[PDB]
Structures are given as structure tokens and as C-alpha cells.
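Residue numbers (our numbering), protein chains in the order written: chain A, 3 to 230; chain B, 3 to 230; chain C, 7 to 16; chain D, 7 to 16.
Below: the structure, in C-alpha cells.
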Amino acid sequence: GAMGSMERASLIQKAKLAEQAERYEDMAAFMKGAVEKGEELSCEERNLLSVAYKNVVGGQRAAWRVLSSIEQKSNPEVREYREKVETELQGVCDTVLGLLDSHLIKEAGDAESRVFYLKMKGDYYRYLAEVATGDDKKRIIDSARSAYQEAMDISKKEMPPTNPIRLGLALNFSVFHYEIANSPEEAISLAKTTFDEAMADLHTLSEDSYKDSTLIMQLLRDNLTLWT
Amino acid sequence: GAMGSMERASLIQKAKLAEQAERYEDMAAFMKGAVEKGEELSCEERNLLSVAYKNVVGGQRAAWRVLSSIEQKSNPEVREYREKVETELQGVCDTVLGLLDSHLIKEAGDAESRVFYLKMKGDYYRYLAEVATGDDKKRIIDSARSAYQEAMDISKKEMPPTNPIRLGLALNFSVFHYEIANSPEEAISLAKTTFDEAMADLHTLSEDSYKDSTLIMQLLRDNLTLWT
Amino acid sequence: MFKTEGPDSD
Amino acid sequence: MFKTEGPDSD
Ligand SMILES: CC(C)Oc1ccc(Cl)c2cc(C(=N)N)sc12
Ligand SMILES: CC(C)Oc1ccc(Cl)c2cc(C(=N)N)sc12
Ligand SMILES: CC(C)Oc1ccc(Cl)c2cc(C(=N)N)sc12
Ligand SMILES: CC(C)Oc1ccc(Cl)c2cc(C(=N)N)sc12
Ligand SMILES: [Cl-]
Ligand SMILES: [Cl-]
Numbered sequence: 003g004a005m006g007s008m009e010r011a012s013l014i015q016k017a018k019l020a021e022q023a024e025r026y027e028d029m030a031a032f033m034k035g036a037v038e039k040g041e042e043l044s045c046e047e048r049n050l051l052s053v054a055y056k057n058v059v060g061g062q063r064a065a066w067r068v069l070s071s072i073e074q075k076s077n078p079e080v081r082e083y084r085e086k087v088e089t090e091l092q093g094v095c096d097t098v099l100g101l102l103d104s105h106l107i108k109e110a111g112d113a114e115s116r117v118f119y120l121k122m123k124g125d126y127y128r129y130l131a132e133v134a135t136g137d138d139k140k141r142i143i144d145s146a147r148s149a150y151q152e153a154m155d156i157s158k159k160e161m162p163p164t165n166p167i168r169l170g171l172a173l174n175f176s177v178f179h180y181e182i183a184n185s186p187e188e189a190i191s192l193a194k195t196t197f198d199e200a201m202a203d204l205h206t207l208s209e210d211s212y213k214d215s216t217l218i219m220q221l222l223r224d225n226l227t228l229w230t
Numbered sequence: 003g004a005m006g007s008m009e010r011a012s013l014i015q016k017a018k019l020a021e022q023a024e025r026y027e028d029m030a031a032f033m034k035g036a037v038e039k040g041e042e043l044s045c046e047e048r049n050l051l052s053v054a055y056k057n058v059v060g061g062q063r064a065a066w067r068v069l070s071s072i073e074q075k076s077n078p079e080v081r082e083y084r085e086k087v088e089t090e091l092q093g094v095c096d097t098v099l100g101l102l103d104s105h106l107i108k109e110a111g112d113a114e115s116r117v118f119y120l121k122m123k124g125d126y127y128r129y130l131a132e133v134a135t136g137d138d139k140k141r142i143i144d145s146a147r148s149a150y151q152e153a154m155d156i157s158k159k160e161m162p163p164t165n166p167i168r169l170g171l172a173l174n175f176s177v178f179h180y181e182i183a184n185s186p187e188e189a190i191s192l193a194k195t196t197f198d199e200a201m202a203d204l205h206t207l208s209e210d211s212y213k214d215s216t217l218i219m220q221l222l223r224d225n226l227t228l229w230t
Numbered sequence: 007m008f009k010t011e012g013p014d015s016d
Numbered sequence: 007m008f009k010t011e012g013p014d015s016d
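See below:
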């Protein structure tokens, strides 16, 4: 595509520059180009890919929510413009899912990369579910659930309970349960068991790993506090 | 262009929605489409146009400064990406100047609209000057100065010293003097005389006009405090 | 919005 | 950056 003539290394360097400049659309396009070089991504590169698209879709989600709220209060311009933002959001989700399925997930053998990508697949189907209506909604929801579940199965077998990727997966799957699947009890059970099992493993960590794990545990606690 | 099939009124409504959603690129494209309908803009519409493009170019300026700083520390990827952002910024400035010259300024007869557009012309040449080098820089700087000066001449003859448009023009022209024209004494003199003459006219205002004028006077004071 | 992983960009 | 008119978007 449009980044095909740029060296992989230059795309990575430019992604990091874009992050510093808070140019997340550029950052995402550089990382998409890097993925399309066909080589597996390092841990740092996976994180650059995720941070880039999370910022892009995050802006779209916030905008979509504002417009959806106005539309509901109003109940063609509001509907048309909400639809425009919605289609752009769906396009970004489609692009990310496309990268994961061509061919990041199938080449990811290590737990840390496979869980990372499967969590992303769950996340971007979840973002689609937030704007979906009706039956498409049902199939989208089941695709999110399926990706999260496979990620959870691998994570529980291959990573310690304090692993930040595992923790972040469990955090997001619990919000999926609460907000998307209308399963608040499942969400609470997951967040509680995840928090408790991580707490019991903190004694094994260095000070820096301790800080990484406790940061995500605090997000689990923040949600439990709002939920119970 | 791309907004040619949308009603003027719908473009304005969608610009306001975009503002609420913090979608400033969309907001700018809607207002560009509204301008290209060929009708003069109301006061509210002028402000929507200005707010939209100010937010867009503001993001580019901040990004350009980050990358320029990294580049200077480094002294091809950093230079290439700084150039990419720089060209996009120049493109936005070119688009705004194009709207002003085809045909907003020539159809603006009232002081409040003519001063508003001429101030914008000064502002967007100033943004070009921030990234310009060499002789192009000199001609760009003189185009900013010329637009600000014509705006100032009209404003002093046709608006009271507390008029927010007049105040905001003087604020920006003083920063032009300080930062762009390397004329700090002119910048300080302008900011001081503007502040003092507005203060002497505050007694004529209603409580709401008082609040509008004192807000911009405070920006003049903030700059004087950094400059003296 | 409940807390999820990574940048709180919305 | 010194104060200028309108949104402080940079
Ligand atoms: C593997 C190490 C060296 O790289 C990372 C690990 C974990 C995270 Cl969360 C992360 C976020 C990053 C970013 N926003 N540039 S790099 C990075
Ligand atoms: C019923 C579900 C599975 O359908 C969708 C709706 C909207 C979008 Cl954007 C999308 C993207 C998809 C992908 N790239 N695998 S599936 C899908
Ligand atoms: C003429 C009146 C009704 O409209 C305005 C006057 C002055 C300002 Cl600064 C302004 C900013 C606006 C915005 N950001 N939507 S509308 C608006
Ligand atoms: C030497 C100066 C006058 O030249 C420029 C440099 C860069 C740009 Cl983007 C630009 C846009 C312009 C316009 N639309 N009137 S003049 C100009
Ligand atoms: Cl639209
Ligand atoms: Cl580039």
C-alpha cells in the first residue's frame, strides 16, 4: 500500500516520532505499513501498533458517543453525521482486524504475542459491538467473546497471574461481560478472581514488574468499586 | 468540491455537531463547504470557520514544534517526517488563505467582518512564517504584517477600543511583532496601549460585554508579564 | 465508561 | 508559546 516504498525500520522510527508528536493517525499508518512488510512484530512494535490504533479509535468512539447522545435527545443531519463517524470507526476496526487475520495471529506462536493479538481481536470486535444493532450485533458479540476466550485459555496456561498482558486481557473481557454481553455477574467474578490471584503472586516480582502489575490491578479495583 | 451536494444550512448544522464532538477536521471541511456556497458568513459562522481551522492548524503546529525540536537535537527519517507535517500545515494555511481571497475578504464591507477576515489572513501567514526559511520567509512575513496593519487601521477607525475582535487582533499582531518580526519593543508598546485604551472604555459596557473584553485583556497582560 | 487497558483516548 | 486569540489548540 501507501507505505510500501518505505523501509521497515524507517516506518518504526517514524511511528515513534508520531507518538511523540501525538499524531496518532500517522502513527497507525506507519505501523500498518510495518505490519504489511510481513515480518513478525517485536514486543515494542506490538505495543506501538496497539497504542496507535487505540488512540485513533478512541477519538472516534468519543465522537460517536457525543453524536449518539444528541441523536437520542433529538428523538436528517444528526443521524447522517453520526452514521458518517460510525462508518469511519467501523473502517478502522475492519483495518485492525484485517491486519490480525493477515497474518499476525496465524504467525504468532509465543504466548505473549498470541495472547496480545487475540486480545486486540476481542477489543476491536467489542468496539464494533458498541455501535452495532440487531443480529449483526449478535454475531459481532460472539466474535469478541470467542477471541477473548481463546486469549484467556492460553494466558491462564502459559502466563503467571501477574503478567500485564494477562491482566489487561482480563480487565477488558470483564468490561465486555459487563457492558456488551449484559453479564454483570460474570464481569464482577472475573475482575475479582483476576485481582485476587494477581495479589497472591506479587511477592515473586521485582520492583519494576510490581509497578506494572499493580497499575492494571488498580483498574480492576476501579471497576469493581463502580460495580459493587 | 466534496461538500457541493450538501445544503448550506446542513453544513452549518454539521459544523456545530462536529465542534461538540471535537471533530475539528470535519468541522473545517463543513465550514469550507459552507464558504464555497458563495454567500457571506454571519458572525456566528465566521467564528465557526475560525475555530475549526484554528484547532486543525493548532495540532499541526504543536506536532511540527515537537519534530523540529527532535531534528535540532539530532543535528533522514526525522527531517522527512518533519517535512511531511510541515507540508500538511502549509496546505491548511493555503486552504484558509484561499477562502479569504476567494472571496470572503472582497465581499466583506462591514468593519466586523472585514477586520475578522484580515486578522485571519495575518494569522495564517504568521503560521506559515513560523516554519518558513530564508527569503520566502521575508515575503511571508510582509504579507502577515500587511494584513494585520490593514485590519488595525480599520479597527481603530470603526470599532471601540474594547471590541473583542479589535482586542484579539491587537493581541495577535503584538505576538507577530515579538516572535516573528523580532520587534519586541513594538510588541510591548502595542500590548500596553491596547490594554490601557480598553481599560478606559470598560465603563461603557454591559456585564456580558465587560466579561468578553476583560478575557482578552487578560491575555495581553499575560504576555506583558512574560515580556517585561 | 469503565476502565479498559491502555490509552484512555475516548 | 505566547498567548494568542481563540482556541489554545497547540
Ligand atoms: C517491550 C518494551 C521495550 O516496549 C514496551 C512494552 C510495554 C509497553 Cl506498554 C510499551 C508501550 C510503548 C509505547 N507506547 N511506545 S513501548 C512498550
Ligand atoms: C457480523 C460481523 C462479523 O460483521 C462485521 C460488521 C462490521 C465490520 Cl467493520 C466487520 C469487520 C469484520 C472483519 N474485518 N473480520 S467483520 C464485521
Ligand atoms: C455571534 C455569536 C452568536 O456567535 C459567536 C460569537 C463569538 C464567538 Cl467567540 C463565537 C464562538 C462560537 C463557537 N465556537 N461555536 S459561536 C460565536
Ligand atoms: C512567499 C509566500 C507569499 O509564499 C507562500 C508559501 C507557502 C504557502 Cl502555503 C503560501 C500560500 C499562499 C497563498 N495561498 N496566498 S502564499 C504562500
Ligand atoms: Cl455527514
Ligand atoms: Cl514521512
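Just so you know, even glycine gets a beta-carbon here, dropped at the ideal spot from N, CA and C.
Identify the contact partners of residue i in chain A, using a Cβ-Cβ distance below 7 Å as the criterion.
i: residue 12(B); result: 79
So, residue i versus residue j, is the Cβ gap smaller than 8 Å?
i: residue 133(A); j: residue 167(A); result: no
i: residue 192(B); j: residue 179(B); result: yes
i: residue 153(B); j: residue 111(B); result: no
i: residue 39(B); j: residue 79(A); result: no
i: residue 15(C); j: residue 61(A); result: yes
i: residue 10(D); j: residue 173(B); result: yes
i: residue 150(A); j: residue 98(A); result: no
i: residue 219(A); j: residue 200(A); result: yes
i: residue 196(B); j: residue 221(B); result: no
i: residue 228(A); j: residue 8(C); result: yes
i: residue 66(A); j: residue 88(A); result: yes
i: residue 64(A); j: residue 69(B); result: no
Going along chain D, which residues have a C-beta under 7 Å from residue i?
i: residue 53(B); result: 12, 13
i: residue 56(B); result: 12, 13, 15
i: residue 174(B); result: 10, 11
CB-CB under 7 Å to residue i, same chain, minus the five flanking residues each way: which ones, in chain order?
i: residue 239(B); result: This structure leaves residue 239(B) out entirely; chain B is present only between 3 and 230.
i: residue 207(A); result: 164, 215
i: residue 102(B); result: 119, 122, 123
i: residue 13(A); result: 5, 32, 35, 36
i: residue 8(A); result: 35
i: residue 11(B); result: none
Note down, in chain order, every chain C residue with its Cβ under 9 Å from the Cβ of residue i.
i: residue 153(A); result: Result: empty, since nearest Cβ-Cβ is about 12 Å, beyond 9 Å.
i: residue 180(A); result: 8
So which residues on chain B does residue i lean against when the C-beta distance must stay under 9 Å?
i: residue 24(A); result: 61, 64, 65, 68
Could you pull out every residue in the same chain whose Cβ sits closer than 6 Å to the Cβ of residue i, ignoring the five residues on either side in sequence?
i: residue 127(B); result: 142, 145, 146
i: residue 48(A); result: 118
i: residue 121(B); result: 153, 171
i: residue 41(B); result: none
i: residue 51(A); result: 33
For a contact meaning CB atoms closer than 9 Å, what does residue i contact in chain A?
i: residue 39(B); result: Residues of chain A passing the Cβ test: none, with the nearest at roughly 16 Å.
In chain order, what residues of the same chain lie with their CB nearer than 8 Å to the CB of residue i, ignoring the 5 residues before and after it?
i: residue 2(B); result: This structure cannot settle anything about residue 2(B), because the visible part of chain B is limited to 3 through 230.
i: residue 204(A); result: 164, 212, 215, 216
i: residue 73(A); result: 80, 81, 84
i: residue 21(B); result: 29, 50, 53, 54
i: residue 92(B); result: 130, 133
i: residue 156(B); result: 113, 116, 117, 120
i: residue 182(A); result: 128, 131, 132, 143, 146
i: residue 109(B); result: 42
i: residue 138(A); result: none
Just to make sure I have the definition right: I need the residues of chain B whose C-beta is within less than 8 Å of the C-beta of residue i. Which are they?
i: residue 72(A); result: 19, 22
For residue i, return the contacting residues in chain D, with the cut-off set at a CB-CB distance below 8 Å.
i: residue 225(B); result: 8, 9
i: residue 177(B); result: 8, 9, 10
For residue i, return the contacting residues in chain A, with the cut-off set at a CB-CB distance below 8 Å.
i: residue 159(B); result: By Cβ distance, chain A contributes nothing, its closest Cβ being about 41 Å from residue 159(B), past 8 Å.
Along chain B, which residues have their Cβ under 7 Å away from the Cβ of residue i?
i: residue 16(A); result: 79, 83
Just the chain D side, please: which residues come within less than 9 Å of residue i by C-beta, in chain order?
i: residue 228(B); result: 8, 9
i: residue 170(B); result: 10, 11, 12
Going along chain C, which residues have a C-beta under 7 Å from residue i?
i: residue 2(A); result: Because chain A in this structure spans residues 3 to 230, residue 2(A) falls outside the shown range and cannot be described.
i: residue 100(A); result: Near residue 100(A) there are no residues of chain C at all, since even the closest Cβ is about 20 Å away, more than 7 Å.
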